[PDB]
Amino acid sequence: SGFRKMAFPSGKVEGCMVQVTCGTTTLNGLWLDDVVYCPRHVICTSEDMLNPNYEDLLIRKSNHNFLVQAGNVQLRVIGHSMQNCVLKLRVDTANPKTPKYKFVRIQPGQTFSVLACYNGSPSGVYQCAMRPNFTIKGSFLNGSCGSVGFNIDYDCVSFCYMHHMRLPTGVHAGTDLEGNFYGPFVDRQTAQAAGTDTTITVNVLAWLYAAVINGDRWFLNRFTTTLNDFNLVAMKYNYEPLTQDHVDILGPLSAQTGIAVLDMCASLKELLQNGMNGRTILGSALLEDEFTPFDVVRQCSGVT
Amino acid sequence: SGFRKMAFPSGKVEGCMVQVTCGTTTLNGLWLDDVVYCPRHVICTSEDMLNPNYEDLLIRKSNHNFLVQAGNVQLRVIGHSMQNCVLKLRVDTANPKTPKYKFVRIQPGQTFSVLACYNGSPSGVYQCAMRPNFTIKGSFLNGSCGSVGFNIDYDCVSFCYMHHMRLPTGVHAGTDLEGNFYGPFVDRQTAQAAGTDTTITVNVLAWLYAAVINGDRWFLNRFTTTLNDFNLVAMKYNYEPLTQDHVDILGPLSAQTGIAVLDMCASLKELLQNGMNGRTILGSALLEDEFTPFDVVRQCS
Ligand SMILES: *C(=O)[C@H](C[C@@H]1CCNC1=O)NC(=O)[C@H](CC1CCCCC1)NC(=O)c1cc2ccccc2[nH]1
Ligand SMILES: O=C[C@H](C[C@@H]1CCNC1=O)NC(=O)[C@H](CC1CCCCC1)NC(=O)c1cc2ccccc2[nH]1
């Protein structure tokens, strides 16, 4: 099999990216049917970013203040409104490339693909996880705002993320497609701290299963443990609590490998207390936590 | 900025992927214009896998033995031929979604995106490098063959890889779109040893520049070294030799950081001799070698 950070194919999403300009600022927009979704901070001027009032700022705009370009074709804005931190720009043309889609809000620990965009043009795709502190470790440069994160279920594109800003620590913060920030962040250029991050334990375990599925077994041991005994050690290493739901989600991986979840927990416990001693798992010398159980299954099962 | 294993957006290639069925074997094809490209071992029976004579196998086939499906639309094969290890199926319909494309053969150390596909249907995109041993550390499962590796410049897709097989060590082998295998491998179910893989030094240095550009500088040192001095140490750690060309290719990154290439080499040499010692660079506890200088400049600019 082999194991790689694998994103969803980005084709269905590249067909929705447009460029949105308001005044001097240009950022990406998401064009679904006759609505373009973009960060509401496009309506902000540099003399306004420290504490904008977006209702004030949006009342002073007309439709002709928004230039929306789909490639070379300019879309005429017919209406606009604000839903939380996203601006919705109603345009006179529905997107012929609109895929089956939904807006979903993901949970910390969950992964998604990010189609990084500039001037409405897709430039790269990578896999991300919503960190426990509700930040993402993305790769974004100036102009990336409005790039979206998404998962694909068969033909359905589940948009879960729109990029708004970079925190001073260099991680990234954004909203779901309903404009609601992940985590306690606000769209103001103010001091904003991401809380302390933690390791997504269930994903480390999923990744350890993927290692066994792929023949890296050196870290396995004859020992088991209880959930509660494992979680006592997990807390010391800044690892998220492991719940019975996590154990139950790891079942299919447990079944394919014949290794009990609590047995894998005892292996992780020993990895944490002893380290890898310079050894590698799946080509990494640290415990990877940005693979969910479903990620592992799909890459080890061939889902299309 | 942030740093991530980033692949090219894959839509332009998704529009070219098809299912190719010959007998009992189903794998993926690349449909550009009126031609469908796929691995030739699609014509192999399980019995003929150990020692196939593809010229014999293809002579005994007709156009109607090749079932090409684009979505649920069946494509009619009008002609077939073999160019080395790839089969070229002429179909009666030119792909409407055909991008601007070229076929290119990449060098060791260069990277590309892989659109893993099953039954013609794109399932995932990831970044790869052509290792020095001409193998790729891929993620593929049964039905992956025909999956293509590619780079996108402007609107042009440069196809550089087509998936053919997994070596017993679990790395992967394949050909360019002209059917020439990368490395000394052949499409026969025989014992085939990939050579000793080595680390792509020029890419490790590029990634160390990415790291500096992203504020990770703990590994930097006041020391400098000559290319020949560095190479004496590189050899001992299974690292590729570094050339003045590599030095020159790393110029842009050296410029944007103000760190001389041979200064960064002095950092790498110390990282090799002492190790990271529990420290991390760009979220990695390993020196990463799958980012070319161009990858780094594109992601960091
Ligand atoms: C959108 O295109 C960019 C995305 C940033 C740019 C660089 N890397 C990214 O992820 N968004 C911004 O630049 C925001 C714009 C603000 C407008 C007003 C509402 C909040 C967002 N600014 C930042 O992301 C930003 C400014 C800043 C200053 C000092 C430290 C950190 C910091 N982050
Ligand atoms: O879809 C095509 C697959 C891709 C494989 C499948 C699993 N992971 C991959 O990358 N190719 C294959 O399955 C090809 C089949 C083809 C037949 C004719 C001669 C050339 C090879 N076979 C192989 O890769 C293979 C690996 C291997 C390891 C040990 C012993 C025999 C082996 N065979």
Side-chain angles (χ1 to χ4, degrees), chain A residues 276-286, chain B residues 3 5 106-112 127-138 167 169-172 182-184 193-213 216-254 257 259-297:
Chain A
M276 293 210 194
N277 273 8
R279 286 162 298 184
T280 180
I281 305 178
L282 289 181
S284 175
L286 43 75
Chain B
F3 209 71
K5 221 151 200 49
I106 53 160
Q107 266 183 299
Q110 290 190 291
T111 57
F112 54 96
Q127 192 82 347
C128 265
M130 181 57 66
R131 309 295 316 173
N133 65 351
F134 297 101
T135 68
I136 72 150
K137 292 169 182 162
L167 300 175
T169 197
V171 300
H172 298 102
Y182 288 99
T196 292
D197 206 24
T198 57
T199 298
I200 311 144
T201 312
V202 56
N203 288 7
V204 172
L205 296 172
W207 172 80
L208 293 175
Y209 280 108
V212 178
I213 292 180
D216 223 358
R217 310 172 53 102
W218 66 266
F219 51 88
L220 290 175
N221 60 8
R222 59 156 321 273
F223 304 113
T224 193
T225 186
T226 63
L227 193 36
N228 324 122
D229 268 335
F230 173 83
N231 281 323
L232 261 301
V233 181
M235 301 327 132
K236 305 200 63 57
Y237 288 93
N238 225 19
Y239 260 61
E240 277 290 304
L242 205 178
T243 84
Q244 185 49 40
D245 277 315
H246 299 153
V247 166
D248 289 310
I249 268 68
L250 288 167
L253 292 173
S254 191
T257 62
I259 300 169
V261 169
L262 278 173
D263 284 2
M264 194 66 79
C265 288
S267 298
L268 176 49
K269 178 208 262 246
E270 154 160 43
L271 280 161
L272 288 187
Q273 296 182 300
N274 303 342
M276 287 204 187
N277 297 1
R279 306 210 61 174
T280 176
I281 306 178
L282 284 183
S284 178
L286 249 55
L287 300 168
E288 297 285 338
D289 75 338
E290 298 217 345
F291 295 100
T292 61
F294 159 88
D295 298 340
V296 170
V297 49

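These values consider heavy atoms only, across backbone and side chains, with no hydrogens, waters or symmetry-generated copies. Reminder, nothing fancy here: chain letters follow the sequence lines and each chain counts from 1.
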S.K.: Looking at B:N231 and B:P241, would you say the former's side chain and the latter's main chain have a donor-acceptor pair under 3.5 Å?
M.R.: no
S.K.: Using the side-chain contact (heavy atoms from CB on, under 4.5 Å) rule, take B:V212 and B:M264 through it: C-alpha gap first, then chi angles, then the decisive distance, then the call.
M.R.: CA-CA 10 Å; B:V212 178; B:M264 194 66 79; 3.8 Å; yes
S.K.: For a side-chain contact (heavy atoms from CB on, under 4.5 Å) check, start with the C-alpha distance between B:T111 and B:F294, then their side-chain angles and the critical distance, and finish with the verdict.
M.R.: CA-CA 10 Å; B:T111 57; B:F294 159 88; over 6 Å; no
S.K.: Determine whether B:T280 and B:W218 make a side-chain contact, defined as any pair of heavy atoms from C-beta on separated by less than 4.5 Å.
M.R.: no
S.K.: Can any side-chain N or O of B:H246 pair as donor or acceptor with the backbone N or O of B:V202 at less than 3.5 Å?
M.R.: no
S.K.: Grab the two heavy atoms, one from B:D216 and one from B:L282, that are nearest each other, plus how far apart they are.
M.R.: OD2-N, 3.1 Å
S.K.: With heavy-atom distances below 4.5 Å as the criterion, would you say the side chains of B:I136 and B:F112 are in contact?
M.R.: yes
S.K.: Out of curiosity, B:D229 CG to B:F223 CZ, how far, rounded to the nearest 0.5 Å?
M.R.: 13.5 Å
S.K.: May I ask you to test the B:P132-B:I200 pair for a side-chain heavy-atom distance under 4.5 Å?
M.R.: yes
S.K.: Between atom OG1 of B:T292 and atom CE of B:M130, what is the distance when rounded to the nearest 0.5 Å?
M.R.: 13.5 Å
S.K.: Are more than 12 heavy atoms from other residues, nucleotides or ligands located less than 6.0 Å from atom CD of B:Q107?
M.R.: no
S.K.: Going from CG on B:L272 to NZ on B:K236, what distance comes out if it is rounded to the nearest 0.5 angstrom?
M.R.: 12.0 Å
S.K.: Between A:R279 (side chain only) and A:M276 (backbone N and O only), is there a donor and an acceptor less than 3.5 Å apart?
M.R.: yes
S.K.: Find the distance between CG (B:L286) and CG (A:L286) and round it off to the nearest 0.5 Å.
M.R.: 8.5 Å
S.K.: Do B:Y209 and B:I259 make a side-chain contact, defined as non-hydrogen atoms from C-beta onward lying under 4.5 Å apart?
M.R.: yes
S.K.: Going through the distances and angles, do B:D197 and B:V171 end up as a side-chain contact (heavy atoms from CB on, under 4.5 Å)?
M.R.: CA-CA 11 Å; B:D197 206 24; B:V171 300; over 6 Å; no
S.K.: Could you walk me through whether B:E240 and B:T198 pass side-chain hydrogen bond (donor to acceptor under 3.5 Å, both in side chains), step by step?
M.R.: CA-CA 6 Å; B:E240 277 290 304; B:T198 57; 2.7 Å; yes
S.K.: Is there side-chain contact between B:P252 and B:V297, with at least one heavy-atom pair below 4.5 Å?
M.R.: no
S.K.: Closest heavy-atom contact between B:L208 and B:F219?
M.R.: O-CZ, 3.5 Å
S.K.: Closest approach of B:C265 and B:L242, non-hydrogen atoms and distance?
M.R.: SG-CD1, 3.3 Å
S.K.: Mind listing the closest non-hydrogen atom pair of B:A194 and B:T135 along with its distance?
M.R.: CB-CG2, 3.5 Å
S.K.: Enter the distance from B:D263:CG to B:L268:CG here, rounded to the nearest 0.5 Å.
M.R.: 12.5 Å
S.K.: Quick one: does any side-chain atom of B:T199 pair with a main-chain N or O of B:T201 as donor and acceptor, under 3.5 Å?
M.R.: no
S.K.: Have a look at B:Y239 and tell me which of B:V204, B:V233, B:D289 forms a side-chain contact (heavy atoms from CB on, under 4.5 Å) with it.
M.R.: B:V204
S.K.: Where is the tightest heavy-atom contact between B:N221 and B:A266, given as atom of each residue plus distance?
M.R.: ND2-O, 3.0 Å
S.K.: On a heavy-atom basis, which atom in B:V296 and which in B:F3 lie closest, and how many Å separate them?
M.R.: CG2-CZ, 3.8 Å
S.K.: Within the distance-only criterion (no hydrogens, no angle test), does the side chain of B:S254 pair as donor or acceptor with the backbone N or O of B:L250 below 3.5 angstrom?
M.R.: no
S.K.: Between B:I106 and B:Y182, is any pair of side-chain heavy atoms under 4.5 Å apart?
M.R.: yes
S.K.: Any chance you could measure B:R131, atom CZ, to B:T196, atom OG1, to the nearest 0.5 Å?
M.R.: 12.5 Å
S.K.: Please step through side-chain contact (heavy atoms from CB on, under 4.5 Å) for the pair B:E288 and B:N203, ending with a clear verdict.
M.R.: CA-CA 8 Å; B:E288 297 285 338; B:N203 288 7; over 6 Å; no
S.K.: Would you mind reporting whether B:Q127 and B:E290 have side-chain heavy atoms less than 4.5 Å apart?
M.R.: no
